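Undergrad: Sharing a structure, written as structure tokens. Questions coming.
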Amino acid sequence: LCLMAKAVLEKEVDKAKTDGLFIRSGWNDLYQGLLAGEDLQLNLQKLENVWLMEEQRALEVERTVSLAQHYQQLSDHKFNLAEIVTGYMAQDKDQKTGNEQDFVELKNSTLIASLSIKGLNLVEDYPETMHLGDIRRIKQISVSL
Amino acid sequence: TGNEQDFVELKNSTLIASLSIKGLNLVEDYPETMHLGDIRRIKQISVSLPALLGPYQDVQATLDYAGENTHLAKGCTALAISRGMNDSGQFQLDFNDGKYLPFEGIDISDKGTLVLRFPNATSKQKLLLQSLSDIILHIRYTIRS
Amino acid sequence: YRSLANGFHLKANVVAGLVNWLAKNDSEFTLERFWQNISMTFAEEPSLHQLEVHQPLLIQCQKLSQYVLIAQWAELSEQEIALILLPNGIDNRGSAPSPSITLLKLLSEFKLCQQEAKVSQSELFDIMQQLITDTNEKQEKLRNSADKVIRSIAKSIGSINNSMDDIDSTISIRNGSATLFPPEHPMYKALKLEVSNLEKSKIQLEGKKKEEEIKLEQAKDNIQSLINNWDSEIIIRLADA
Amino acid sequence: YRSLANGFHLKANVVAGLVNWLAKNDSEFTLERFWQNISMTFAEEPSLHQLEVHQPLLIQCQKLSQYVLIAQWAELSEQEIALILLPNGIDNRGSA
């Protein structure tokens, strides 16, 4: 459980501060493992202090990237999505792949509308020359149709 | 530039619509001759944008605090815009939470400015920044003895 | 071993010595076989007739109790047992001699040796261990455990220099990204603190490095001096003890 | 000092007197050097041969134990040690 708590706080709080917490095992075989719970209590109290000091306010961004960008996608393999899926409604088991990153295919009757995350270009929304955002983490992805 | 306190500029394709908090004159709303309000503290600042976005076009924008403040906790100087309606820099904005809010704990009579930087207008922000009437800036502050 | 030691009024290392002691004499006994014989009985319905059927447990537990009686009579420590569990030991026979009168008077003369010396007894076990060992596996084992700490201190310096290079690269990036910024306290007064706070981290990493270099120097001094094992110093240690 | 004092059955100020006592005689000994010699060994895998290699700890701990025997024989208090740790002390020789 203490290792769970360390590996979960290392998501939010960066690993430059949670270094010396659970390096040593508190158990001592030469004695009967006495005072092993004190090591866990201290190393959870220090973990909790790391969480309460160095937790920061999130900067939320809601970005709506529809799939009207396959027409924009990579400018060497571009296509209109509604026209090509109308083409895929008949003549089964074909493919017009854009790339290995972005494509629309069907191997079976199941069709796959893939989309690369690097091709979304979401680091251009809040770029350099204004200083923020060491790390950008996805919070939640919801879909509208 | 209007002044060094209130101005509209652009150093890069990012434009800056700055706004001084002392120039808001919020201590004139509940003045003297009625006896209340030793301290006035900002509780929460939310922004509305009467722009046209249509179905799914997004506004990127920021807010910053400029003056000196040794009491804003961690990352509470910033706030991002993504909707245009009356929104804040939190998902599902709730006052009955154990955390603080962005811009919470700022005096009214300060010499700091609300900066309100938009990202690159040479990029996709053009034709979004064109239809811009004004910025509403719903301010919720707390009068307390 | 811990639960067998606390079942009696014994110590864990004494029982870990005695089971390995009985792992050699009566080679039918094995601690794995002892646990398998425990797990055969004591099913969903254990009883006393299940022990009356499975007589190898009734042999092995009394066999353990005999060596427990010998260890309580001779009052053996854990390193006293560990000295006789050396792969040749007393050199009359191989490792772990059988409980005869010969062992049971060897332990008596051994306790007389512990009484006569009037010094710390772990000194006696180290001297007696160099008299049993060969000073050829010991020297290479010290060289291996010495190059291990050279490797660990060099790996710690190699891991801290990467973080120092990372902090230096980020400070160089944040200095290169700074321009004039004629708003100073609105916009320029965020990179100065973000550089000056990492300056203290640079000072802390240099403070760690200036002691880990002393660790390297003390290691390379105390490891290039293991030459003087000449086998005559052990009897000098006997005349000391 | 507190953990070395509680390792034996001693007091914290008595050990803080005795380490500063040994900081002057045998000037190779330093409490910083003692902590660095502790941190050299006792790595991710400590053992007894690592102490057999690093013999300055085996000198320094026995050197500490000698002054512990002298402080237990003479039954020194902390201010008895602090009076002899004056910069000239008994004036026959210098400090410590």
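Following the order of the structure tokens, chains are lettered A, B, ..., residues in each are numbered from 1, and ligands are numbered from 1.
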Skip residue 84 in chain D itself and residues of its chain fewer than 5 positions away, then list as a JSON list (two decimals) with C-alpha atoms, in the first residue's frame all residues within 10 Å of it, counting only C-alpha atoms.
TA:
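out26.json was written with the following content:
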[["chain", "number", "residue", "atom", "x", "y", "z"],
["D", 17, "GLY", "CA", 32.03, 16.09, 24.26],
["D", 21, "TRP", "CA", 37.65, 15.47, 22.32],
["D", 79, "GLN", "CA", 30.43, 19.63, 32.10],
["D", 89, "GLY", "CA", 42.07, 23.73, 29.93],
["D", 90, "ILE", "CA", 44.41, 22.49, 32.67],
["D", 91, "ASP", "CA", 47.30, 24.60, 31.17],
["D", 94, "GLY", "CA", 46.68, 22.73, 25.09],
["D", 95, "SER", "CA", 43.06, 21.77, 24.63],
["D", 96, "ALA", "CA", 42.00, 18.08, 24.82]]
Undergrad: Pull out every residue of chain C that has at least one atom within 10 Å of chain A, counting only C-alpha atoms, and report them as number ranges by chain.
TA: C: 2, 6, 11-13, 163, 174, 177-179, 187, 190-191
Undergrad: With N, CA, C and O atoms retained, could you export that selection as an mmCIF file, in the first residue's frame?
TA:
data_model
loop_
_atom_site.group_PDB
_atom_site.id
_atom_site.type_symbol
_atom_site.label_atom_id
_atom_site.label_comp_id
_atom_site.auth_asym_id
_atom_site.auth_seq_id
_atom_site.Cartn_x
_atom_site.Cartn_y
_atom_site.Cartn_z
ATOM 1 N N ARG C 2 11.790 -18.753 11.523
ATOM 2 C CA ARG C 2 11.321 -17.854 12.574
ATOM 3 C C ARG C 2 10.227 -18.500 13.411
ATOM 4 O O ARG C 2 10.239 -18.400 14.645
ATOM 5 N N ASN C 6 10.494 -19.528 17.351
ATOM 6 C CA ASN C 6 9.580 -19.021 18.361
ATOM 7 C C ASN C 6 8.655 -20.093 18.912
ATOM 8 O O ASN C 6 8.020 -19.861 19.945
ATOM 9 N N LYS C 11 16.476 -18.942 19.117
ATOM 10 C CA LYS C 11 16.719 -17.829 18.216
ATOM 11 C C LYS C 11 16.602 -18.307 16.775
ATOM 12 O O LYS C 11 16.707 -19.501 16.488
ATOM 13 N N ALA C 12 16.374 -17.353 15.868
ATOM 14 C CA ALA C 12 16.116 -17.703 14.474
ATOM 15 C C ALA C 12 17.373 -18.205 13.779
ATOM 16 O O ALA C 12 17.319 -19.161 12.996
ATOM 17 N N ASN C 13 18.519 -17.591 14.068
ATOM 18 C CA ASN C 13 19.750 -18.008 13.412
ATOM 19 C C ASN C 13 20.280 -19.313 13.989
ATOM 20 O O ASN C 13 20.951 -20.068 13.282
ATOM 21 N N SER C 163 21.644 14.600 -13.692
ATOM 22 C CA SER C 163 20.679 15.568 -13.182
ATOM 23 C C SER C 163 21.258 16.975 -13.161
ATOM 24 O O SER C 163 20.529 17.945 -13.412
ATOM 25 N N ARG C 174 15.969 28.503 -20.332
ATOM 26 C CA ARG C 174 15.178 29.599 -19.780
ATOM 27 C C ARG C 174 15.924 30.928 -19.787
ATOM 28 O O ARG C 174 15.284 31.981 -19.705
ATOM 29 N N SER C 177 15.477 31.912 -23.685
ATOM 30 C CA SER C 177 14.117 32.303 -24.030
ATOM 31 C C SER C 177 13.727 33.665 -23.470
ATOM 32 O O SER C 177 12.658 34.175 -23.820
ATOM 33 N N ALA C 178 14.555 34.259 -22.617
ATOM 34 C CA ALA C 178 14.252 35.563 -22.048
ATOM 35 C C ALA C 178 14.635 36.671 -23.022
ATOM 36 O O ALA C 178 15.715 36.642 -23.621
ATOM 37 N N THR C 179 13.745 37.643 -23.176
ATOM 38 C CA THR C 179 13.957 38.849 -23.965
ATOM 39 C C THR C 179 13.879 40.052 -23.025
ATOM 40 O O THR C 179 13.962 39.906 -21.800
ATOM 41 N N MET C 187 5.685 40.445 -16.287
ATOM 42 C CA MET C 187 6.037 39.286 -17.101
ATOM 43 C C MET C 187 7.476 38.827 -16.925
ATOM 44 O O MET C 187 7.730 37.619 -16.926
ATOM 45 N N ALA C 190 9.094 36.388 -13.517
ATOM 46 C CA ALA C 190 8.800 34.976 -13.298
ATOM 47 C C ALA C 190 9.942 34.057 -13.689
ATOM 48 O O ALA C 190 10.072 32.980 -13.097
ATOM 49 N N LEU C 191 10.785 34.440 -14.645
ATOM 50 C CA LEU C 191 11.929 33.632 -15.037
ATOM 51 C C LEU C 191 13.110 33.799 -14.094
ATOM 52 O O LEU C 191 13.908 32.867 -13.949
#
Undergrad: Could you please select, counting only C-alpha atoms, the residues of chain C within 10 Å of chain B and state them as a PDB file with C-alpha atoms, in the first residue's frame?
TA:
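Full text of out-v4.pdb as output:
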ATOM      1  CA  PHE C 181      10.179  42.427 -21.589  1.00  0.00           C
ATOM      2  CA  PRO C 182       9.449  46.125 -20.772  1.00  0.00           C
ATOM      3  CA  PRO C 183       6.804  44.921 -18.352  1.00  0.00           C
ATOM      4  CA  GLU C 184       9.195  43.761 -15.643  1.00  0.00           C
ATOM      5  CA  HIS C 185       7.065  42.837 -12.626  1.00  0.00           C
ATOM      6  CA  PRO C 186       4.121  41.634 -14.851  1.00  0.00           C
ATOM      7  CA  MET C 187       6.037  39.286 -17.101  1.00  0.00           C
ATOM      8  CA  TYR C 188       9.822  39.370 -16.616  1.00  0.00           C
ATOM      9  CA  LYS C 189       9.516  38.671 -12.863  1.00  0.00           C
ATOM     10  CA  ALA C 190       8.800  34.976 -13.298  1.00  0.00           C
TER      11      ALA C 190
END
Undergrad: Determine, using only C-alpha atoms, which residues of chain B have any atom at most 7 Å from an atom of chain A, and tabulate each with its shortest atom pair and distance in Å to one decimal place, rows ordered by chain and then rising number, as a Markdown table.
TA:
| residue | atom | partner | partner_atom | distance |
| --- | --- | --- | --- | --- |
| B:56 | CA | A:64 | CA | 6.4 |
| B:58 | CA | A:63 | CA | 6.7 |
| B:74 | CA | A:56 | CA | 5.0 |
| B:75 | CA | A:57 | CA | 4.8 |
| B:76 | CA | A:57 | CA | 5.9 |
| B:79 | CA | A:59 | CA | 6.1 |
| B:80 | CA | A:59 | CA | 6.3 |
| B:82 | CA | A:62 | CA | 5.4 |
| B:89 | CA | A:60 | CA | 5.9 |
| B:90 | CA | A:60 | CA | 6.2 |
| B:119 | CA | A:126 | CA | 6.5 |
Undergrad: With N, CA and C atoms retained, could you export that selection as a compact mmCIF listing (two decimals), in the first residue's frame?
TA:
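Output file result09.txt is given in full below:
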# COMPACT_ATOMS: atom_id res chain seq x y z
N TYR B 56 -18.32 24.23 -32.90
CA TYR B 56 -17.26 23.62 -32.09
C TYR B 56 -15.94 24.38 -32.15
N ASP B 58 -13.09 26.87 -30.66
CA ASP B 58 -12.64 27.12 -29.30
C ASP B 58 -11.84 28.40 -29.22
N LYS B 74 -0.11 28.06 -5.03
CA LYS B 74 0.73 27.36 -6.00
C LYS B 74 -0.06 27.24 -7.29
N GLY B 75 0.36 27.96 -8.32
CA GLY B 75 -0.35 27.90 -9.59
C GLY B 75 -1.71 28.56 -9.59
N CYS B 76 -2.01 29.38 -8.59
CA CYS B 76 -3.28 30.09 -8.51
C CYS B 76 -3.21 31.47 -9.15
N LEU B 79 -5.21 31.08 -15.16
CA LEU B 79 -6.56 30.64 -15.45
C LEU B 79 -6.71 30.63 -16.96
N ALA B 80 -7.33 29.59 -17.51
CA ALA B 80 -7.46 29.44 -18.95
C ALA B 80 -8.92 29.48 -19.36
N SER B 82 -11.77 28.35 -22.32
CA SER B 82 -12.00 27.40 -23.39
C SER B 82 -13.41 27.40 -23.96
N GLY B 89 -11.51 28.55 -14.49
CA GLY B 89 -10.38 27.67 -14.73
C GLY B 89 -10.44 26.40 -13.92
N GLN B 90 -11.63 25.82 -13.79
CA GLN B 90 -11.82 24.52 -13.17
C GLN B 90 -12.93 23.78 -13.90
N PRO B 119 -3.32 33.54 -27.26
CA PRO B 119 -2.26 32.97 -28.10
C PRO B 119 -2.26 33.51 -29.53
Undergrad: Give me, as a ChimeraX atom specification, the residues of chain A touching chain D, with the criterion being at most 12 Å (counting only C-alpha atoms).
TA: /A:23-25
Undergrad: Report the closest atom pair, with its distance in Å rounded to one decimal, for each residue of chain D that has an atom no farther than 10 Å from chain C; count only C-alpha atoms, sort by chain and then rising residue number, and write it as a Markdown table.
TA:
| residue | atom | partner | partner_atom | distance |
| --- | --- | --- | --- | --- |
| D:32 | CA | C:211 | CA | 9.7 |
| D:33 | CA | C:214 | CA | 9.1 |
| D:36 | CA | C:215 | CA | 6.8 |
| D:37 | CA | C:215 | CA | 7.6 |
| D:39 | CA | C:215 | CA | 8.4 |
| D:40 | CA | C:215 | CA | 6.1 |
| D:41 | CA | C:149 | CA | 6.9 |
| D:42 | CA | C:149 | CA | 9.2 |
| D:43 | CA | C:149 | CA | 7.6 |
| D:44 | CA | C:152 | CA | 8.7 |
| D:45 | CA | C:148 | CA | 9.1 |
| D:46 | CA | C:145 | CA | 9.3 |
| D:47 | CA | C:145 | CA | 8.5 |
| D:48 | CA | C:145 | CA | 9.4 |
| D:49 | CA | C:142 | CA | 6.0 |
| D:50 | CA | C:145 | CA | 5.8 |
| D:51 | CA | C:145 | CA | 9.4 |
| D:52 | CA | C:142 | CA | 7.4 |
| D:53 | CA | C:142 | CA | 6.1 |
| D:54 | CA | C:222 | CA | 6.0 |
| D:55 | CA | C:222 | CA | 7.3 |
| D:56 | CA | C:222 | CA | 8.1 |
Undergrad: With C-alpha atoms retained, could you export that selection as a compact mmCIF listing (two decimals), in the first residue's frame?
TA:
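What ended up in result.txt:
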# COMPACT_ATOMS: atom_id res chain seq x y z
CA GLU D 32 32.27 14.46 8.86
CA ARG D 33 34.85 11.85 7.83
CA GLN D 36 31.40 9.74 5.01
CA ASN D 37 33.03 6.43 5.97
CA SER D 39 28.01 6.25 3.91
CA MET D 40 30.73 4.63 1.76
CA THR D 41 29.81 1.17 3.03
CA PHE D 42 26.23 0.14 3.93
CA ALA D 43 25.15 0.43 0.29
CA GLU D 44 22.21 -1.31 -1.41
CA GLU D 45 23.96 -4.58 -0.43
CA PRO D 46 25.86 -4.30 2.87
CA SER D 47 27.84 -7.18 4.33
CA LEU D 48 30.67 -7.93 6.74
CA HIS D 49 33.44 -8.14 4.15
CA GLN D 50 32.75 -4.52 3.23
CA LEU D 51 33.78 -3.64 6.78
CA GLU D 52 36.81 -5.95 6.49
CA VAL D 53 37.93 -3.95 3.45
CA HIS D 54 37.27 -0.48 4.86
CA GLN D 55 39.64 -0.61 7.85
CA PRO D 56 39.52 3.13 8.85
Undergrad: Rounded to one decimal, what separation in Å do you get between CA of residue 6 in chain A and CA of residue 38 in chain A?
TA: 16.9 Å
Undergrad: To one decimal place in Å, what is the distance between CA of residue 110 in chain C and CA of residue 27 in chain C?
TA: 26.3 Å
